[PDB]
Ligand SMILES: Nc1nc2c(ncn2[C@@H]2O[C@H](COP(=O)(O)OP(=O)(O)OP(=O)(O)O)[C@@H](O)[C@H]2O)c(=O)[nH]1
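This document opens with one chain alone, in C-alpha cells, the form deposited without the named molecule.
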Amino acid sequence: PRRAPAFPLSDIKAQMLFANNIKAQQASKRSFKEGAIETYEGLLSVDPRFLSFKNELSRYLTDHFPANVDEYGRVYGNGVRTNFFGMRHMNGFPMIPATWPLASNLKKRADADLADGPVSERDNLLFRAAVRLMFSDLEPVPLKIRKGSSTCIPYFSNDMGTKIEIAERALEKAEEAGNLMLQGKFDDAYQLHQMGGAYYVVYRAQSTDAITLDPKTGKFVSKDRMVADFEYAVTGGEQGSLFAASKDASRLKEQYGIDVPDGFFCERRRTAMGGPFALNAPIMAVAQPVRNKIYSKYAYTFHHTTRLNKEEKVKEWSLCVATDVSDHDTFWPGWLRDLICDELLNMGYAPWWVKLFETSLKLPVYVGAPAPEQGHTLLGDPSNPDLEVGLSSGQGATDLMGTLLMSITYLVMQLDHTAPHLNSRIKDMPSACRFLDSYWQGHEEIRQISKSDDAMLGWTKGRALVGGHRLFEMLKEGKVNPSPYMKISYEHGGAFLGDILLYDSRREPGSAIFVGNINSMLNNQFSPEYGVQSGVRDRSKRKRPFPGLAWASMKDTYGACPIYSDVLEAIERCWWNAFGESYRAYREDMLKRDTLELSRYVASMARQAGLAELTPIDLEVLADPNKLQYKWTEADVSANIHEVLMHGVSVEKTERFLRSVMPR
C-alpha cells in the first residue's frame, strides 16, 4: 500500500531542508541528548533529597487519599482521580526509544474500524456546515509570534526581527507560492519562498505518566508505552514492529553514576513537530481570526476560561457525559483535510491559499533522534507532499483542525444515539448551517463544551435525555465504540480542560462543581517539562519565564480542590524531612524574586510595584507559557503581560493579506 520514501541526512533532499547557517546545520544533526532537568535554580530533578521527597510524598498522598471515582467515571468526595505515583520519574531522562512517526495512518484507521469519509450525507453536511460557520466572517488581526519561537526547517532562526521579516515576506509571496503548488511545482515554491519542505520532529517529554504499585510484589510498574520502529513507520504498520519502549532507568546508574531509588522511571516522550514558518505565517493569518470568531460568536461551546465559566454551563444540564478519545492526533483523518479544502474552495477562498493549507497537512517529516544512534532521516518526499500522518502538532491550525473534527463527531454521536428527532433539521446546507449554528450557541436540547480531544457532552430535559443515559451506559460497558470516526470512551474521572467535575451524592451536573486537579499542581511544581534555564538572560525567551509567580496564583487555581490544604501540609512536612527546609519559605522567596524581576519586563510596572494588577491566569501563564497553547488564549491574558511573551506583525499587512484570500 506504498512504503513512503525515506532519505538520510546525507541525501540532497534532506540537505535542502537546512539553510547554510550554524543553527540549521546543528539542528539537522542534533543527536540523542539526555540530562537531569533543572527543576528550580539550583535543584536538579535527580537530586537525592528531591527524589527522597518524591518517594515519601508520592506514597503518603496515595495512602491517605485514594481515588474517589464511581463506575460511571464521576469523581466525588476527595476529588482524586488516581494514585500519586505519576511523579516517580527521573525527569530529563527519556524512555527508549521514542516512537518513529507513522507516515500513513490509513491502515491504522481501518484496522480500528474508523471510517473512510462521512458515513452518511447528514454527516457530510455537518462537517461541511462547520467549515462554513468557522471560516465565514473573518476580521483581520495582528499576526502574533511567540518570543521564544524558532523558524524551524528552513533557517532555524529565533530572532524576532528575522521572524517578522520572514512572516511579512511570506504574506506577500504566499500567493505565488500556492500557485506554484497548484501546478505541482513544490520544489520551486520551497526554493523561492521556503514554503513546503518538512516538519522537524522534536521529542517532548511528558513529565508524569502513570505508575502502579503492584500489591502482589510491593514493587512499582510503569505503564508500557508502545512505539513504532522505522519499518513500522514507513509502511503504516504493514511491516516492522510496534513495541513497548523501556522506561527502566536502572541504566542511569552505570551510565551516569546516578542513583535511581526504587520505583522511579524514565519519562515518556511524545513526538512534536515544528513546521516551516514561511508556510505557517500564511496559515496563522487565517487561524487567529477563525479562533476569534469561534471564541466570540460560539463562545458557548468553544471558549473556556475559569472553572466557573464552565459550571455556569454544566450546571444547567440534566446529564453530563465526559468523553475521552484515543490517540487523537495520529487517528485524525486526511479525508477531513480534503473535505475541508473542498468546502473552502466552494465558499470562495483563494485557491492558492487552500492549496497551501492542504499541503501543510501532508508535508514530510524529518526525524532527529528518537534514540541513541538512530535515524536523522527524512520521511516523505518534499517534491510531492504525500504524508497522511494525521495532524501535525506544529501545523498553523492544529487546534482548529482537531476542534472541528470531534465537535462534529460528538454531535453525530448525540444525533445517532439520542436525538434522531433532530435529523430532519439537517436536509441541506442551509438547514445544516442553521442547525449547527443554533447548536454551538447552546440553544438546543443537546449541548457540548469542547476543545480538541477534551469534551463535555450535554443533555437538558427532552426526548434526547432518555437516550443519552443509554449512550452513557453504552460507554460504561465499553463493548461498542459509539462513533464511526474516532475511538471514543468515557474519561475515568471526568474533567474538562484541567478542571475536574466534582459530583455530590446526587450525581447530577446541577449540583456538581468544577474544581482544580490537585494532581496537576503536583505535576506543575515537581515535574515541570523544562528546566528553568538560568542560562538564558532574557527571561521572556525562557520556556518558564517566572516559575516563582505560580505561588501567587495557586490558591485561585487549586483552592477548591477538597484536599488543597492537606496537600500543602504534606509537602511542608515531606519537604522538611528531605531538605530540613521549609517549602513555602522557599516559595515565598521565589515569589518575591520573580515578582521583583517581572517588573523589568512589563514596561508599565512601576519598578518595585507588585503583582497588584494581574490575572491569576496572567500568573500561571508568565510561569508557564505553554497553556497559551492549550488552555487559554490572547484575550484571556492582560495586554501588559501579552507583550512580554508575544510580538507581532502589523494588522495593516494581515488585512491586506486577508483581503486576497477571503471570499468576501
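So that the term is clear: the rigid core is the largest set of C-alpha atoms that superpose within 1.5 Å between two forms. Quick note: we count residues from 1 along the sequence shown, nothing fancier.
Student: Figure out for me whether 147-155 or 414-422 is the more displaced stretch in 5 other deposited structures of this protein, taking RMS C-alpha distance from the shown form once the rigid core is superposed.
Tutor: When 414-422 and 147-155 are compared in 5 other deposited structures of this protein, 147-155 lies farther out.
Student: Highest mean C-alpha temperature factor of the two stretches 230-238 and 211-219, which is it?
Tutor: Higher mean C-alpha B-factor in the PDB entry: 211-219.
Student: On average, which has the higher Cα B-factor in the deposited entry, 636-644 or 5-13?
Tutor: The recorded data point to 636-644.
Student: Just to confirm, going by the entry's C-alpha B-factors, which of 192, 554, 502, 391 comes out highest?
Tutor: Highest C-alpha B-factor among the listed options: 502.
Student: Pick out which of 342, 373, 453, 113 has the highest C-alpha B-factor in the PDB entry.
Tutor: Max CA B-factor in the entry, restricted to 342, 373, 453, 113: 373.
Student: Select lowest, middle or highest to describe the third in which the CA B-factor of residue 41 falls within its chain in this entry.
Tutor: Tercile = middle for this residue's CA B-factor.
Student: Among the modelled residues of its chain, does the C-alpha B-factor of residue 19 lie in the lowest, middle or highest third?
Tutor: Answer is lowest: the recorded C-alpha B-factor places it there.
Student: Going by what the PDB entry lists, where does residue 303 fall on CA B-factor within its chain: lowest, middle or highest third?
Tutor: Its C-alpha B-factor, which the entry lists for residue 303, ranks in the middle third among residues of this chain.
Student: Within this chain, which third does the Cα B-factor at residue 74 fall in: lowest, middle or highest?
Tutor: For residue 74, whose C-alpha B-factor we compare with every modelled residue in the chain, the answer is the lowest third.
Student: Hey, what third does residue 63 fall into on Cα B-factor, ranked over its chain?
Tutor: For residue 63, whose C-alpha B-factor we compare with every modelled residue in the chain, the answer is the highest third.
Although not depicted, the form deposited with the named molecule bound is the subject of the following passage.
Student: Quick one: find which of 596-604, 30-38, 629-637, 46-54 has residues within 4.5 Å of the named molecule in the bound PDB entry by heavy atom distance.
Tutor: Selected range: 629-637.
Student: Can you work out which of 92, 562, 385, 394 has a heavy atom no more than 4.5 Å from the named molecule in the bound PDB entry?
Tutor: Looking at the other structure, the residue within range turns out to be 394.
Student: Could you check which residue among 146, 270, 421, 315 gets a heavy atom within 4.5 Å of the named molecule in the bound PDB entry?
Tutor: Only one option qualifies, and that one is 270.
Student: I'd like to know if residue 122 sits close to the named molecule in the bound PDB entry, meaning any non-hydrogen atom pair within 4.5 angstroms.
Tutor: No.
Student: Going by a heavy atom distance of 4.5 Å, is residue 328 a contact of the named molecule in the bound PDB entry?
Tutor: Taking the distances in the bound PDB entry, the answer for residue 328 is yes, it comes within 4.5 Å of the named molecule.
Student: Using heavy atoms and a 4.5 Å limit, would one call residue 498 a contact residue for the named molecule in the bound PDB entry?
Tutor: Yes, residue 498 is a contact residue.
Student: Evaluate residue 483 for contact with the named molecule in the bound PDB entry, applying a 4.5 angstroms cut-off between non-hydrogen atoms, and reply yes or no.
Tutor: No, residue 483 stays farther than 4.5 Å from the named molecule in the bound PDB entry.
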